Every structure is written in C-alpha cells, then in structure tokens.
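Here we start with a single chain on its own, the form deposited in one PDB entry, put down as structure tokens.
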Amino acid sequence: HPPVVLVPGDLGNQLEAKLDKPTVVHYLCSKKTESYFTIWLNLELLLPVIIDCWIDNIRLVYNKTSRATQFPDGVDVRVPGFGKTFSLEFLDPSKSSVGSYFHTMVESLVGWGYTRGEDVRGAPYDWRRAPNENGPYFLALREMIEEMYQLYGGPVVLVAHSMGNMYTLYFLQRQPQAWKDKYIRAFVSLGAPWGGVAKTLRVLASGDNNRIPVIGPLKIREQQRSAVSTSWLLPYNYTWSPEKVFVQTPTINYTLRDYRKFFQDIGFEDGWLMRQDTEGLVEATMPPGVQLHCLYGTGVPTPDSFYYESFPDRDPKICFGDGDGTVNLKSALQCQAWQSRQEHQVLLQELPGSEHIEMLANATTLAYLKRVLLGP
C-alpha cells in the first residue's frame, strides 16, 4: 500500500504558543509563560472571563506597509506534530470527542497496516495564514513526500480535507509535471471549497460560532477576520457569477465584484488588503496534474446568500442551496472542468447526505479510500 500524507483544513490541527508580552488587555491575561502551551484546541481558554486573552494571542496583526501578517508583540505560535498524526487526529490534547478530527480515518489506516509517523504522516500548518505566508511548510511537505517515496517504495497519496484541498492544489500547481509524475500517486480531495464558499461573507460580517458555541459570535469574529485564510476563501468568479448577490441590505447589494465596499462597510478594511494579497495564489483554471478523486457532499442545506437589515445585524436571514452544509455544490463543477485539461484521470464521487466534517469519519468515505489505497 502506498504512503499517505494527510492535509487538514481550517482549525484542523493543534497550535502552540509562548508568551512574553509587554502589555495585556485585562489583568486576568497572562503576560509570560516559561514554555509553549496548547492554544488550539484548549476549551479552558475560551470561557467568557478569558476569551479576550485568547483572542489577543491568537489574532494575526496585519502590517499594511509590508503587506504581511505578524504575531502580536511577545507572542510566538508554532505548529506541533509535522510528520506525525497526533495533532490532526485530536485537536484537543485531552483527546476529547469534541476535537476528534482525523482520528477515525487514522484508526482505519492503522487497521489496514499503516504505521503512525512512518507510512502515514500528517502535514499540519498554521491555518490562520494563506499559502503566501507558509513557504517553509511547502518546502517541508515536498521533502517529506520525497522521503516517504524512498522509504516506502512508491509514490504518495495525498488526502486533504476542506481548505487543505486549496493548500494542496497550490502546492501541486507549483511543482513541475515530472516531479508530480514521479512522487504523487493520487490526490483524494474531501469537501474541497474550490472557488470559495458563500458562508465566508457571514463569518466576516457577523462571526460564525457554529463550530465553537462556547464563544460568542462577535468575540470569535475578531479571530476569524484576523486570519488571512478567511478572506482567501471568499467566492471567486471562476465558480460564481459576478452578478450573484451574496449579501443584500435595504440600501446596497454585495457581489464578488464588491469586496472592497463590503470590507469598508463592515469596518474591516484590512480584509480587502488580505483578499488582494491572496486572490491570485491559486491559478483559476490550472488542474493539479495528478490522478484526482473529488469527493463532495450533497443534500445538506448550505448557506448561499444573506439578508442583513444593516451591519451589524444580530440575526441575518439566510438563503440555502445544495452542498455539504459548508461547501456549496457549485465548487464540485471545478473538478469537472479539470477533466479536459489534464491527462490523469479525474473521478467525481457524490456523497449524498454527507455533512462537511462528518464525511471524515463516515464509513462510505473510508470504504472509498480503502479502494484507492489497497486496490481491491
């Protein structure tokens, strides 16, 4: 069986931080730590009394002069577990079921004869950033793939979830065809948001706590805005119509041609700069150039557009289309376009009734992966 590399999505791996801050936002915030501690996922940091401390540490600072993000003064954030699986199997190192992410899939792989840290490895990254600020990650990923090829005696299968698919596409678009022909066996794409997702507009406008309900929406919005990866995933014109209205208000409509206005009107102008930094990273039409299995959920109501009475609106009204709850069905038309642009096969697989996250622990998903890996 071929070696496997797992690429997670947003919020999809542990992060650690170390502090030596000159100032804090309130007295209950720690100024200094002697060592690194887990900053994602640790439920104790997200209680109402101290969530402001967490926000202050996990936010990125946007520097308009350098057009780059930086950590807050006296904060360092690192990604543990590169080359291992623990930090994507469980988001919370307490190993609570709330943070179980790649665990079910890795358990299956091990049952089929894989070994953690050897022929199955994780490629975690700082998911707050877009690929433009994760150059070293891509170098390390390339090296790890080459090593795994040599050690385990054949080309590697990449398995990516959610935003990890866009990271993987970026990577593959930038490797020479000869390199991919040698080192990559296949790319199994799970819940890929090709061309962005409509719900990103609501996230940026009013916050989205559905994944972490112990955080109030307006509080978590601060983190979500600060993450370049959020703006990177706004809808693109190669998937969506330039005339589609994603956000409607009584006085103004926002389409994908109106992001500058949108960011002004929600009070977050840096987001427009982030979008400009990132909108060109993934080449709109260029296929990955490897055997591709596109697995996408359908039959789950998926936010498509929003009505706001103004900004900021406690409850926006929501219009739903088809998809997996998060990724709109239209994203899967992007894999269809690639069929005629590359020689390697592109296989589409619908997963009816499969929700965006649940697809990772779903027996049908795992049966499909087994077929890809073991051939039977």
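Residue indices: 1-based, along the sequence shown. Rigid core: the largest C-alpha set superposing within 1.5 Å between the two forms.
**Q** Of the two stretches 310 to 318 and 56 to 64, which shows the higher Cα B-factor on average in the entry?
**A** Going by the record's values, the stretch with the higher mean is 310 to 318.
**Q** Check the entry's C-alpha temperature factors for 290 to 298 and 225 to 233, then say which stretch has the higher mean.
**A** Comparing 290 to 298 with 225 to 233, the higher average CA B-factor belongs to 290 to 298.
**Q** Whose C-alpha has the highest temperature factor in the PDB entry: 278, 96, 168, 200?
**A** Largest recorded C-alpha B-factor: 96.
**Q** Lowest, middle or highest third: where is residue 259 by Cα B-factor in its chain?
**A** CA B-factor rank for residue 259: lowest third.
**Q** Using the temperature factors of the C-alpha atoms in this entry, rank residue 104 within its chain: lowest, middle or highest third.
**A** Middle third of the chain for residue 104's C-alpha B-factor.
**Q** Mind checking which third residue 70 falls in for C-alpha B-factor across the chain?
**A** Residue 70: CA B-factor falls in the middle third of its chain.
**Q** Taking only the Cα B-factors deposited for this chain, tell me whether residue 358 sits in the lowest, middle or highest third.
**A** Residue 358: CA B-factor falls in the highest third of its chain.
**Q** By its CA B factor, does residue 42 count among the lowest, middle or highest third of the modelled residues in the chain?
**A** It belongs to the middle third of the chain when residues are ordered by C-alpha B-factor.
The next section is about a form of this same protein that is not shown, the form deposited in another entry.
**Q** Superposing the core, which one of 213, 154, 113, 117 shows a C-alpha shift reaching 2 Å or more between the shown form and the other one?
**A** It is 213.
**Q** For residue 48, state whether the C-alpha moves by 2 Å or more between the shown form and the other one after rigid core superposition.
**A** No: residue 48 shifts by under 2 Å between the shown form and the other one.
**Q** Superposing on the rigid core, is the CA of residue 321 displaced by 2 Å or more between the shown form and the other one?
**A** No, shifts by less than 2 Å.
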